[PDB]
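A.B. asks: In the entry's author numbering, the protein residues as written are 1 to 57.
By construction, the Cβ of each residue, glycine as well, lies at the ideal position given by its N, Cα and C atoms.
(1) Kindly indicate the opening and closing residues of the alpha helix (DSSP H) around residue 12.
(2) Report the three-state DSSP secondary structure of residue 52 (helix, strand or coil).
(3) Express the C-alpha separation of residue 33 and residue 18 in angstroms, rounding to a whole number.
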């Protein structure tokens, strides 16, 4: 693998660095936390399921 024979290049390292920054931010972690809080509230209360709406008019 020399003279650019391999598809991998310097930009490869840069890509990995970007991933590290994203992980550090932990932005997705916050989203999961919010979802958990929503479940606790159970405002929708759509957890309960029965029949098929036949009972309801």
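C.D. replies: Quick look at the numbers:
(1) Per DSSP, residue 12 is one residue of the alpha helix (DSSP H) stretching across 11-25.
(2) Residue 52: coil per DSSP, three-state reduction.
(3) Straight through space, the alpha carbons of residue 33 and residue 18 are spaced by roughly 24 Å.
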